[PDB]
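Protein chains: 2
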Amino acid sequence: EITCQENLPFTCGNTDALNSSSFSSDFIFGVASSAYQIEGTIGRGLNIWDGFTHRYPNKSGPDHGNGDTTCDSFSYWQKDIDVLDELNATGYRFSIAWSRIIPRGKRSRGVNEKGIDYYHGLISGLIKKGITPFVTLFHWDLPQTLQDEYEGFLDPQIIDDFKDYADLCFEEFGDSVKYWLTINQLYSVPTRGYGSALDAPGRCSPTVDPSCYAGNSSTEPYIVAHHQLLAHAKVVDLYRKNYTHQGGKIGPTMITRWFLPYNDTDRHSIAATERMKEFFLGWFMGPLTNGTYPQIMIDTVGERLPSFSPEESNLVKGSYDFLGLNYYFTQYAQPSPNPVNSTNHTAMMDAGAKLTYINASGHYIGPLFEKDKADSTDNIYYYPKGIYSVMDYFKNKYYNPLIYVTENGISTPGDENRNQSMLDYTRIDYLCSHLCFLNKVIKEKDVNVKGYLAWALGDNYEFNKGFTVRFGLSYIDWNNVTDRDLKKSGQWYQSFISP
Amino acid sequence: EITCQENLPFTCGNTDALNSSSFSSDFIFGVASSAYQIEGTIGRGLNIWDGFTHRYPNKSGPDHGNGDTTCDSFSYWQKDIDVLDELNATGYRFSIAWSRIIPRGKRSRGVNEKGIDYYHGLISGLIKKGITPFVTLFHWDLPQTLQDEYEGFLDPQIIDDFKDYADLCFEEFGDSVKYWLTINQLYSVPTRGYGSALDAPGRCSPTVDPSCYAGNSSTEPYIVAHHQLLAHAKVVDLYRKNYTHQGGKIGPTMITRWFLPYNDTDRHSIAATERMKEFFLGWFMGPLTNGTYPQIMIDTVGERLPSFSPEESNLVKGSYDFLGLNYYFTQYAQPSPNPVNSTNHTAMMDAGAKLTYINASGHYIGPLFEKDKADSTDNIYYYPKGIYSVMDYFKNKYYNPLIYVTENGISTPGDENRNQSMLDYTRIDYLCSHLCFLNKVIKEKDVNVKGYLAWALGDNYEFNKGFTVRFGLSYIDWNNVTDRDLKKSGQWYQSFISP
Ligand SMILES: *[C@@H]1O[C@H](CO)[C@@H](O[C@@H]2O[C@H](CO)[C@@H](O[C@@H]3O[C@H](CO)[C@@H](O)[C@H](O[C@H]4O[C@H](CO)[C@@H](O)[C@H](O)[C@@H]4O)[C@@H]3O[C@@H]3OC[C@@H](O)[C@H](O)[C@H]3O)[C@H](O)[C@H]2NC(C)=O)[C@H](O[C@@H]2O[C@@H](C)[C@@H](O)[C@@H](O)[C@@H]2O)[C@H]1NC(C)=O
Ligand SMILES: *[C@@H]1O[C@H](CO)[C@@H](O[C@@H]2O[C@H](CO)[C@@H](O[C@@H]3O[C@H](CO)[C@@H](O)[C@H](O[C@H]4O[C@H](CO)[C@@H](O)[C@H](O)[C@@H]4O)[C@@H]3O[C@@H]3OC[C@@H](O)[C@H](O)[C@H]3O)[C@H](O)[C@H]2NC(C)=O)[C@H](O[C@@H]2O[C@@H](C)[C@@H](O)[C@@H](O)[C@@H]2O)[C@H]1NC(C)=O
Ligand SMILES: *[C@@H]1O[C@H](CO)[C@@H](O[C@@H]2O[C@H](CO)[C@@H](O[C@@H]3O[C@H](CO)[C@@H](O)[C@H](O)[C@@H]3O[C@@H]3OC[C@@H](O)[C@H](O)[C@H]3O)[C@H](O)[C@H]2NC(C)=O)[C@H](O[C@@H]2O[C@@H](C)[C@@H](O)[C@@H](O)[C@@H]2O)[C@H]1NC(C)=O
Ligand SMILES: *[C@@H]1O[C@H](CO)[C@@H](O[C@@H]2O[C@H](CO)[C@@H](O[C@@H]3O[C@H](CO)[C@@H](O)[C@H](O)[C@@H]3O[C@@H]3OC[C@@H](O)[C@H](O)[C@H]3O)[C@H](O)[C@H]2NC(C)=O)[C@H](O[C@@H]2O[C@@H](C)[C@@H](O)[C@@H](O)[C@@H]2O)[C@H]1NC(C)=O
Ligand SMILES: *[C@@H]1O[C@H](CO)[C@@H](O[C@@H]2O[C@H](CO)[C@H](O)[C@H](O)[C@H]2NC(C)=O)[C@H](O)[C@H]1NC(C)=O
Ligand SMILES: *[C@@H]1O[C@H](CO)[C@@H](O[C@@H]2O[C@H](CO)[C@H](O)[C@H](O)[C@H]2NC(C)=O)[C@H](O)[C@H]1NC(C)=O
Ligand SMILES: *[C@@H]1O[C@H](CO)[C@@H](O)[C@H](O)[C@H]1NC(C)=O
Ligand SMILES: *[C@@H]1O[C@H](CO)[C@@H](O)[C@H](O)[C@H]1NC(C)=O
Ligand SMILES: *[C@@H]1O[C@H](CO)[C@@H](O)[C@H](O)[C@H]1NC(C)=O
Ligand SMILES: *[C@@H]1O[C@H](CO)[C@@H](O)[C@H](O)[C@H]1NC(C)=O
Ligand SMILES: *[C@@H]1O[C@H](CO)[C@@H](O)[C@H](O)[C@H]1NC(C)=O
Ligand SMILES: *[C@@H]1O[C@H](CO)[C@@H](O)[C@H](O)[C@H]1NC(C)=O
Ligand SMILES: *[C@@H]1O[C@H](CO)[C@@H](O)[C@H](O)[C@H]1NC(C)=O
Ligand SMILES: *[C@@H]1O[C@H](CO)[C@@H](O)[C@H](O)[C@H]1NC(C)=O
Ligand SMILES: *[C@@H]1O[C@H](CO)[C@@H](O)[C@H](O)[C@H]1NC(C)=O
Ligand SMILES: *[C@@H]1O[C@H](CO)[C@@H](O)[C@H](O)[C@H]1NC(C)=O
Ligand SMILES: *[C@@H]1O[C@H](CO)[C@@H](O)[C@H](O)[C@H]1NC(C)=O
Ligand SMILES: *[C@@H]1O[C@H](CO)[C@@H](O)[C@H](O)[C@H]1NC(C)=O
Ligand SMILES: O=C1O[C@H](CO)[C@@H](O)[C@H](O)[C@H]1O
Ligand SMILES: O=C1O[C@H](CO)[C@@H](O)[C@H](O)[C@H]1O
Ligand SMILES: [Zn+2]
C-alpha cells in the first residue's frame, strides 16, 4: 500500500523510498521545453508571440522580457542534449517553431531548409543518446503572417495551413519521431489569447481590456476552440491515413486541473465544481471522445457555441492515440453569476464559477505554488493529490486513454541569486510529491500512464512572466546563457531516474 | 562671391560668417528621423526590419542592436518636439510606421485608431510650435505580413496595398501635413534589400550570401525598383487627383551621391563615372522625368530590365511636385567588369564601375566620414563640394526641380563616452561645410532648394550598425532614453538658425 503526502514537509526526495524503479520498466522519464521559450528568433520568421510581446511589452512579463534570445537553444541545442544525457532521461518533449520551417506560414510559399536541418540535427542527437522525442507541432507560436491574413485560429483557413505544416513535419521528421503532439494546452489560446488577452494574440472585448486591438471575449474563445479541435483532428486524420507506415502515435495536449467544492456540503458549490470539470476539461474532451460539446455548455452558451457537422463530428471523435496531459494545480469552485449581457462578459464566466485556493472554512489547498507580489490574495497553491484525481477521472470518464504527463513543474523567483536558485528544494518537493501520487494512481486505479516529462529542462522565457520566474531543473545565467547547470532538483531527478 | 572650404580645417562653424540669414527668408531648417529607428515596437505590428534584425542578428549591427525600444519616441515624442523647439527649427522630417496604423498591412483588414492618434498628437504638437512636418510614408518598414504574403515590393500586389495605406494617411493627416515623401531613398531597398542582402528583407543569390532565405541579386533589384516606381506613381496620382484640396506637395526621396573619375585623364574612368550617374541616379530619375529608364541601362541590363507600358510610363513621368534629396558623400569611379553569367552576379555590377574614396594618384577625396575598424581600406570619406555638384546636376539634367535636402549628416563612434560624444566638432564641420556649398549652389546656379533637414534629430538605431554609431544632433543615453540633450552640433545649429 502506497502512502503519499499532501502537506509540508515532504519526504519523497529520498530516492531510497521513491525512484524510477517504483514505476514499470518501460516508463519514460524526461523534461520538456517549447520553441518560443528556448530558441531565439535567429534563423526563423516572426510569430504572434514575437508580435504580442513587442506590441504589448507590459504583457510579455513585468521585466518586459521576451524570446528574442532567451537561452539560445538555436546555438546551444547540443547543451540541451547534454543535460538530458546527464539526467539519463529517456524522453524529451520539445516543440517545432512553425516560423522556423515555414517562415511565410503557408507551405506553398516555401520551406526553410536550414530550419529543417536544425530539427534534424536535434532529433538525431537525441536518438543517439537514447532519448525518445515527444514533439509538439504547435506550442502557440503561430506565424505572424497567418494572424494578420485571417486572424489565425479565429478563421477556418487555419485548418488547411496547419494541415500542410504538419504534413511537412511528418514527411521530414516522422521516420525518427514516433510521438507527436498537435496543439499545446487546448484551453489556453481560446481563453487567454481571445478572452482575457493575457496571451498572444491579445484579442478581447473593448471593456475587458482597452489595449486589445480587436476582439470579443464572449464569442471568440468558442470560435477559436472550435477551430483548434477541427485543425487538430484534420492533422490526426492526415497522420493516421498517410503516415501509418512510420509506426508512431499522435495526440492533443490538454491543460488539466482538478476541482473541489469551495464548500463541500453546499449543493451550489458542488454544482459549480462539476460545471468546472465540464467547461474546463469537457470543452475539449467531449468533442475528442464523443464528437460533441458537453450538454451544460450547449445549454449555457447557446448560440455562441458552434456546432460540428456530422462529418466534423466524426473527424474529431476519437482523434487521438494518446493524450498529453499537463498538470500543475487544483482549484476550489463556488458559484458565480454569468452576466451574458454585460459588455465585459467573457467565455470564462459561462461556467458560473469562481475559483480559489482557499475553501469556505479557510483551508489553503496545499503548499505555495506561485507568490503574487502585487496581490498576495492571488497567490497560487498546489495539491499533489490532484494528479491522482485527474488521472483517475480521465480513465473513468474518458474511456481509459493512454496518457503521457507532458508537463508538471514549479517556478522559483527570478529575484533569487544564483546560489539560492540552485538550492531549489521547493522544486524537489513539488516534483516528488506529484510523482508519488502518479505512481499511486497507476497502481491503485490502473490508469494507462506511460511517461512523465517535467517542466522545464532549463530556465527559459516564461509566457507572461518574462525572466522574473525560473522553472528549469537546470540553471541558466542570463548574462551568459551557454551553460545549463543542474540545480539540486536536476541532481535529485538524476538520482530518481538512476537510483 | 562665396568661398567654401573642401578640406580640414573648416571655419564655417562661426555663425558670424554662415547662418540662416545667409539663405532666403522662407528657407526651412530642421532635422529628420524615421519610425523604425526611433519609436519602438510598442503599439505597432511587426515589419520587415523587425523580421530581418531578429532573423539575421549579425546583420542588424555589430552589437546585434535593433529598433525594439530604441529612443522610445512612442513614449517621448514630446521630448522630440522639445528638441525642435529648442533649435527654433522650422521643419521636421519623420516617417509614419505603416505597421503602426495598419498592422495587418492591407487597409481592409482594419486600422489601429490608437496608432492614428499617436501621429495626430505629434503633428498637432509640431504645428503648435511652428514646425512644418515633412512626412515620409514609407521609410523601409514594410509590414511583415506583406513580405510573407507576396514578398512585398517583389510583387505588383504592393502597388494597391501601398496606395490604400497612403490614402489613409492623406485622409487622416493631410489637413495638417503639406509635404509628403513617398519612399525613402529609392536606390536602397532594391540594391541592399534584394542585391547584397545587407538590408531587409535580406534576399540575394545563393552564392552572394548563403544566409539569404531566397532571391536573385541579378534580377530582383530591377523588379523591386520597378514596383517602387509604380507604387510611388500611383500614390502621387492618388494625392494629386483626390487630395488637391489639401494644398500640399508630394515627392519621392532619392539617395544622391556625386561621382568623379578615379583618373580624370583616362577615358575609361570618365566613362565609368558617367555610367554611375545613370545607374545610380538615372535608374529612378529617368523614369521620373521621362517615363523610361536610361538608355545605357536598357542596353546593358537587357531582358532583366522591366518595361513600362504606355499607361505606366505616363503615370510615372512627372510624378513629383518636388524631390527630397538625401546627400552624404561622393565616390571616384573606375572601370570594372560585369560578369553577367557568374552565379554571384549582382545588379550593382551592371554599371561596370568600381567605387573608391581615393583616386589614381593617391588623393583621398576629403575628410573622414566613417571609419571601418574591420578594414581601414574601406573607410568612407566625404566631399563638401559634392552637394553643389549634385544640386547643379539635378537642375541641369532633370528639369529644374523644386528640392528639399531631406537628409545630410555624419556619424561618430558609439565607443566614445558621453563627454566625447557631446563634443562632436566633427559633426559641426560636416554640417557647416555642406551648408556653405548649398548656399553657394543656390546663389551661383539658382537651384530651387527650399529647405534642409539634417540627419538626425537624436541618436537612434542606425540601419546595419545598431547603436555602434551615433548620428544625432542631440545625445541619448541608452541606459535611460528619456532625455535628448543638444550636443555641441545641436548648440551650433541653434545659433546658425537664430544667429
Ligand atoms: C454524445 O453524442 C450524442 C450525439 O451523437 C449525444 O446525443 C444527442 O444529444 C442531443 C442533445 O445534445 C440529442 O439531441 C436532441 O434531440 C432532440 C430529439 O430529436 C432535440 O430537440 C434536441 O434539440 C433541442 O435542444 C438542443 C440543445 O441540446 C438545441 O441546440 C436545439 O435547438 C433544440 O432546442 C436535440 O436535438 C439536436 O438539436 C440541435 C441540432 O443541431 C442537433 O443535430 C439535434 O440533434 C440527440 O438526440 C442525441 N442523439 C442521440 C443519437 O442520442 C450525447 O448526448 C448525451 O446523451 C443524450 C441522450 C442526451 O442525454 C444528452 O443530453 C447527453 O449529452 C453525447 N454524449 C455526451 C456524453 O455528451
Ligand atoms: C525619353 O522617352 C522617349 C520615349 O518616349 C525615348 O525615345 C525612345 O527611345 C527609344 C530607344 O530607347 C526609341 O526606340 C527605338 O525605336 C526604334 C525605332 O522604331 C527601335 O528598334 C528600338 O528598339 C530596339 O532597341 C531597344 C533598346 O533601345 C530594344 O529593347 C528593342 O528590342 C529593339 O532592339 C527602340 O524601339 C523600342 O524597342 C523596344 C520597345 O519595347 C519600345 O516600345 C520601342 O519603342 C524610340 O523611338 C524613342 N521614341 C521616340 C518617340 O523618340 C527617349 O530616348 C532618348 O531619345 C531617343 C531619340 C534615343 O536617342 C534614346 O537612346 C535616348 O534615351 C528618352 N529620353 C531619355 C533621355 O531617356
Ligand atoms: C457550508 O455551506 C453550508 C450549506 O449552505 C453552510 O451551512 C448553512 O449556513 C447558513 C448560513 O450561511 C445557514 O442558514 C442560516 O441559519 C441561521 C440559523 O437558523 C439563520 O438565522 C440564518 O439567517 C440562515 O438561514 C438562511 O437564511 C437564508 C434563507 O434563504 C435560507 O433558507 C436560510 O437557511 C444554514 O442553516 C446552514 N445549513 C446547514 C445545513 O447547516 C455552512 O455554513 C457554516 O455552517 C453553518 C452551520 C453556519 O454556522 C454558518 O455560519 C457557517 O458559515 C457553510 N460552511 C462555511 C464554512 O461557510
Ligand atoms: C591616368 O590614366 C592615364 C591614361 O591611361 C595614365 O597614362 C598612361 O599610362 C600608361 C601606363 O599605365 C602609359 O602607357 C605605358 O607607356 C609606357 C611608355 O611608352 C610603355 O612602356 C607602357 O608599357 C605603357 O604603354 C601601354 O601599354 C599597353 C598598351 O595596350 C597601350 O597602348 C600602351 O599605351 C600611357 O602612355 C599613359 N598615357 C598618357 C596619355 O600619358 C596615367 O598614368 C600615369 O601617368 C603616365 C604618364 C605613366 O607615368 C603612368 O606610370 C602613371 O601611372 C594614369 N594616372 C595614374 C596616376 O594612374
Ligand atoms: C459579442 O458578439 C455577440 C454576438 O455577435 C454580441 O452579442 C449580441 O449582441 C448583438 C447586438 O446586441 C445582438 O443583438 C445579440 O442579441 C447578441 N447575440 C448573442 C448570441 O448574444 C455581443 O454584443 C458582442 N460583444 C462585444 C463586446 O462586441
Ligand atoms: C537569375 O534569374 C536569371 C533569369 O531568370 C537567371 O539567368 C538566366 O539563367 C537561366 C538559366 O540559365 C537562363 O538560361 C537565362 O539565359 C538567363 N536569363 C537571363 C535574362 O540572364 C539566373 O541564372 C538566376 N540567378 C540565380 C543565381 O538564380
Ligand atoms: C527504489 O524505491 C523502491 C520503493 O519504491 C525501493 O524499494 C528500492 O530499494 C529503491 N531503489 C534504490 C536503488 O534505492
Ligand atoms: C500597459 O500597456 C497598455 C498599452 O499596451 C496600456 O493600456 C496600460 O496603461 C499599461 N498598463 C499599466 C499598468 O501601466
Ligand atoms: C494523403 O496524401 C495524398 C497524396 O499527397 C493526398 O492525395 C491525400 O489528400 C492526403 N490526405 C489525407 C489527410 O488523407
Ligand atoms: C465588469 O467586470 C469586472 C471584472 O469582470 C467587475 O469588477 C465589474 O463589476 C464589472 N462591471 C459591470 C458594469 O458589470
Ligand atoms: C560564458 O560561459 C561559457 C560556458 O561557461 C564560458 O566558457 C565562456 O567563457 C563565458 N563567456 C564569458 C564572456 O564570460
Ligand atoms: C542509465 O539508465 C539505465 C537504465 O536504468 C541504467 O542501466 C544505466 O546504468 C544508467 N546510467 C547511468 C550512468 O546512470
Ligand atoms: C550672418 O551671416 C552673414 C553672412 O552670410 C553675416 O553678414 C551676418 O552678419 C551674420 N548674422 C549674424 C547675426 O551674425
Ligand atoms: C552571421 O549569421 C549568418 C546566419 O544568419 C551566418 O551565415 C554567418 O556565419 C554569420 N557570420 C559570421 C561572420 O559569423
Ligand atoms: C479617388 O477616390 C474616389 C472615391 O473614393 C475613387 O472612386 C477613385 O478611384 C480614387 N482614385 C484615384 C487614384 O484617383
Ligand atoms: C565572386 O564575387 C566575389 C565578390 O563579388 C569575388 O571576390 C569572386 O572573385 C567572384 N568569383 C567568381 C567565381 O567569379
Ligand atoms: C532618467 O532620465 C530622466 C530624465 O533625465 C530622469 O528624470 C529619471 O530620473 C532617470 N531615471 C533613472 C532611473 O535614472
Ligand atoms: C526664432 O526664429 C525667429 C525667426 O528668425 C526669430 O525672429 C526669433 O527670435 C527666434 N527665437 C529664438 C528664441 O531664437
Ligand atoms: O503549461 C505550460 O506551463 C509552463 C509553466 O507555466 C509554460 O511555460 C509552458 O509553455 C505551458 O505549456
Ligand atoms: O539615408 C539614410 O541615412 C541615414 C544615415 O545612414 C539613415 O539612418 C537613414 O535611415 C537613411 O534614410
Ligand atoms: Zn525583439
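Just so you know, the sequences run in chain order M and M'. A prime marks a further copy of an entry chain. Going by the authors' numbering, the first sequence wraps up at 501, each residue one higher than the last. Going by the authors' numbering, the second sequence wraps up at 501, each residue one higher than the last. For each residue, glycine too, the CB sits at the ideal point set by N, CA and C.
With a threshold of 8 Å between beta-carbons, can residue i be considered close to chain M, or not?
i, result
"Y390 (chain M')", "no"
"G468 (chain M')", "no"
"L48 (chain M')", "yes"
Taking buried to mean at least 16 other C-beta atoms within 10 Å of its own C-beta, is residue i buried or exposed?
i, result
"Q39 (chain M')", "buried"
"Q333 (chain M)", "buried"
"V449 (chain M)", "buried"
"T193 (chain M)", "buried"
"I129 (chain M)", "exposed"
I think residue i touches residue j, with their Cβ atoms under 8 Å apart; what is that distance to the nearest whole Å?
i, j, result
"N186 (chain M')", "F140 (chain M')", "7 Å"
"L188 (chain M)", "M299 (chain M)", "That pair is no contact at about 14 Å."
"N441 (chain M)", "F25 (chain M)", "6 Å"
"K61 (chain M')", "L200 (chain M')", "7 Å"
"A37 (chain M')", "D143 (chain M')", "6 Å"
"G416 (chain M)", "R486 (chain M)", "Contact doesn't hold; Cβ gap of about 17 Å is too wide."
"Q149 (chain M)", "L48 (chain M)", "10 Å between Cβ atoms; not a contact."
"residue 505 (chain M')", "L327 (chain M')", "Because chain M' here runs from 3 to 501, residue 505 (chain M') falls outside it and cannot be looked at."
For a cutoff of 8 Å on Cβ pairs, would you count residue i as touching chain M'?
i, result
"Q146 (chain M)", "yes"
"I44 (chain M)", "yes"
Cβ-based contacts, 7 Å cut-off: residues of the segment 53 to 71 of chain M near chain M': Within the segment 53 to 71 of chain M, the residues whose Cβ lies closer than 7 Å to some Cβ of chain M' are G53, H56, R57, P59, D70, listed in chain order.
Against chain M: residues of the segment 185 to 205 of chain M' by CB proximity under 8 Å: Answer set for the segment 185 to 205 of chain M': empty.
Positions along the segment 216 to 239 of chain M whose CB lies within less than 7 Å of some CB in chain M': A216
Runs of alpha helix (DSSP H) wholly within the segment 19 to 92 of chain M' (minimum 4 residues, chain order): 37 to 40, 50 to 57, 59 to 62, 79 to 89
Proximal residues, the segment 111 to 139 of chain M versus chain M', C-beta separation under 9 Å: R111, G112, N114, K116
Selection of the segment 146 to 162 of chain M by Cβ proximity to chain M', strictly under 8 Å: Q146, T147, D150, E151
Segments assigned beta strand (DSSP E), at least 3 residues, entirely inside the segment 400 to 424 of chain M: The segment 400 to 424 of chain M is shown to contain whole beta strand (DSSP E) runs of 3 or more residues at 404 to 409, in chain order.
Within the segment 171 to 200 of chain M', ranges of the alpha helix (DSSP H) (whole runs, at least 4 residues): For the segment 171 to 200 of chain M', not a single whole alpha helix (DSSP H) run of length 4 or above is found.
Residues in the segment 97 to 110 of chain M having any Cβ partner in chain M' nearer than 8 Å: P105, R106, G107
Short-range partners of chain M' found in the segment 167 to 178 of chain M, where Cβ spacing is below 7 Å: none
Runs of beta strand (DSSP E) lying entirely within the segment 363 to 401 of chain M, each at least 3 residues, in chain order: Runs found: 370 to 372.
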